[PDB]
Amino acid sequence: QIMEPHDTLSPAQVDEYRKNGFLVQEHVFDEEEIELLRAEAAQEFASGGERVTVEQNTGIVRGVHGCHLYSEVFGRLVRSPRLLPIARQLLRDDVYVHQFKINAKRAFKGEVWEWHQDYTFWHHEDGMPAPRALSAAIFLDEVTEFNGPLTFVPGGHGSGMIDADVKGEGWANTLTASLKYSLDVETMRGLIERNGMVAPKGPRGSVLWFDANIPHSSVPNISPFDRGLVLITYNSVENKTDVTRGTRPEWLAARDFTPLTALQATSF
């Protein structure tokens, strides 16, 4: 009977997150915790059925989606006192999970993620009315320069949504190497020319926080080292999506907007 008092971000941390559109906290989770998250990720890849995506070239696991609805471990993770208080502080509201994914980015054969803003998809596919949302990516493996790290244009969220060409009809291609919305090179080259690019690194158990509208990308992982990320997308409850205008299953775009509460210490 005692969890550690909720920790929130410093005012400088908050500033950095607002100016850059991302922020890394190192070693939020320890090794044993990361090993539990890894074992549960594996179970979900094995048993997720239609919720699992596979790589085009190899048929190797690319993603598993909506796990917090199906796994007791992931349903508790999203309420962790290491995460929830910060989601609530950054979004200045009570929050809920809009989306939960584990992106495997396997060694050697892990494929690209093209440049995009997340809000673009959540707005047009799910009816998210404003970009008042964020993601927390938990590193199940050390992130280096060589294993296809998640990459951002810092400050690139200052513009809001950005002209992306749509491509195709339903939603299967929202999770693929070739993405339904994506930035056109010209659009990108200029962002990059103006703002640069940054790929934050960190050890296992770090959490990378980022804005719903920051442009980001990742190159193929041809290295020998996996780069497993657990991505939790937190949305402001006031900003709940309009389910009238929603097109995807629950396991991609949540419908239950109950405010999350933090996990308390129990004897089990």
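Start at 1 and count along the sequence shown; that's the residue number. Take the two forms, find the largest set of C-alpha atoms that superpose within 1.5 Å, and that set is the rigid core.
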*After a core fit, does 90-98 or 183-191 show the bigger CA gap to the shown form in 7 other deposited structures of this protein?*
183-191
*in 7 other deposited structures of this protein, superposed by the rigid core, which stretch departs further from the shown form in CA positions, 100-108 or 144-152?*
100-108
_When the other structures of this protein are compared, and only where the residues around it are present, is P215 absent from a third or more of them?_
no
*Is it true that at least a third of the other compared entries have no coordinates for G59?*
yes
_Greater mean Cα temperature factor according to the PDB record, 1-9 or 257-265_ = 1-9
*If you average the CA temperature factors over each stretch, which comes out higher, 62-70 or 239-247?*
239-247
*Among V143, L91, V78, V185, single out the one with the highest C-alpha B factor in the record, please.*
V185
*asked:* Take the CA temperature factors straight from the PDB entry and tell me which of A137, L84, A164, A133 peaks.
replied: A164
*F29's Cα B-factor: lowest, middle or highest third of the chain?*
lowest
_Among modelled residues of the same chain, the CA temperature factor third for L36_ = lowest
*Within this chain, which third does the Cα B-factor at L150 fall in: lowest, middle or highest?*
middle
*asked:* Is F45 in the lowest, middle or highest third of its chain when residues are ranked by C-alpha B-factor?
replied: middle
*Using the B-factor values recorded in the entry, state whether the Cα atom of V97 falls in the lowest, middle or highest third among the modelled residues of its chain.*
lowest
